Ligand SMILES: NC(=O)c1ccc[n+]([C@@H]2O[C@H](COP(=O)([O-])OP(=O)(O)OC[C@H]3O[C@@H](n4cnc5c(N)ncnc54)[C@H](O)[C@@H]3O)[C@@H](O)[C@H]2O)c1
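Below you'll find only one chain, the form solved without nicotinamide-adenine-dinucleotide (NAD), shown as structure tokens.
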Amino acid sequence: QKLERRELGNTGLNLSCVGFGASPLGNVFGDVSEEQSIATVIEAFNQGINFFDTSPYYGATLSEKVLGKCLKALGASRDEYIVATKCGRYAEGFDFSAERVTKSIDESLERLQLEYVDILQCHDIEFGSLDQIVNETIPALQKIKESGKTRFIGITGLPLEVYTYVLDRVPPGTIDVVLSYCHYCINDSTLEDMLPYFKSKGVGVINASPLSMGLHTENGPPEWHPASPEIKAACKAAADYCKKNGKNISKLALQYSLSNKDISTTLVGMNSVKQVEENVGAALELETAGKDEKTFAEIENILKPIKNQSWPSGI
């Protein structure tokens, strides 16, 4: 049994349905040795993950530098893996200007030790002027795409409204891919409402944060998590139900996110070999058994009062 791959919009790329979120390689969630990061990436690739996403923001450029060492250590042909990065969001703030993003791709390629990335996306555009994204940033990414330094272009951010605003205002066929987070998970499935829009526009869809930044974990969310107390309380109750019934809230949450085949990949952050095994195994078991619908029904009942509620982001 091999990990399923899915076509990404009109790009022709076939992505593993679980993708590697490389933010933890930048020490975002704790210190990880370079040896451990390399081992994790190698294990992911050996288990069939072919998609690796990063950003200059993660670890103030360290994630990109570490990921570049990991990709070299795969000892695989460049066309056997797919690399996405971002531009516009840095540890020193937001700059979506044409000059910044044009410089940024070269900085990213230097750190990643690559001649090109497959995907380059504007990072967290709800912090920028959406009119600048439309009229300046996206044209600059089109020029980067024309140069070959990226093969495809996209946009990311938390609020789904940013995607309709931007995609309504660029010519058909401009944007290749979007990355969305926190909106295709057990407490919030609003990304599904965007899928007809993205399909009409020929835009491939990447999801991320299937655990909603720690809500769907036995340990619960970090202290900084921006969700309301009511969201947190219901997610803790869902985790408690799973614990009581001998089930794994995080495995079920990932399986829920993976179940929609119109989403091409779900990024998961990984920094140990056992995390790779757990995440790939959840996907393989989902493929052959389908969703445990009795258990998902009970989770849905607990999360009902807060379903699809989000939190503020950006300007």
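All residue numbers are counted from 1 along the displayed sequence.
There is also a form deposited with nicotinamide-adenine-dinucleotide (NAD) bound; it is not shown, and the following applies to it.
Note on the partner interface in the deposited complex: the residue among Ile231, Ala208, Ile153, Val166 having a heavy atom within 4.5 angstroms of nicotinamide-adenine-dinucleotide (NAD) is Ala208. Though nicotinamide-adenine-dinucleotide (NAD) is absent from this view, in the deposited complex it lies within 4.5 Å of a heavy atom of just one residue from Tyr81, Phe94, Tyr181, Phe198, which is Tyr181. Put simply, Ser212 is close to nicotinamide-adenine-dinucleotide (NAD) in the deposited complex: some heavy atom of it is within 4.5 Å. The closest heavy atom approach of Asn271 to nicotinamide-adenine-dinucleotide (NAD) in the deposited complex falls within 4.5 Å.
Interface residue remark: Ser250 is counted as part of the site for nicotinamide-adenine-dinucleotide (NAD) in the deposited complex, having a heavy atom within 4.5 Å. Using a 4.5 angstroms limit between non-hydrogen atoms, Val66 is distant from nicotinamide-adenine-dinucleotide (NAD) in the deposited complex. Taken together, the three residues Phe45, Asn50 and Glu287 all stay farther than 4.5 Å from nicotinamide-adenine-dinucleotide (NAD) in the deposited complex, as judged by their closest heavy atom. Only one segment in the set 301 to 309, 18 to 26, 5 to 13, 287 to 295 has residues whose heavy atoms sit within 4.5 Å of nicotinamide-adenine-dinucleotide (NAD) in the deposited complex; it is 18 to 26.
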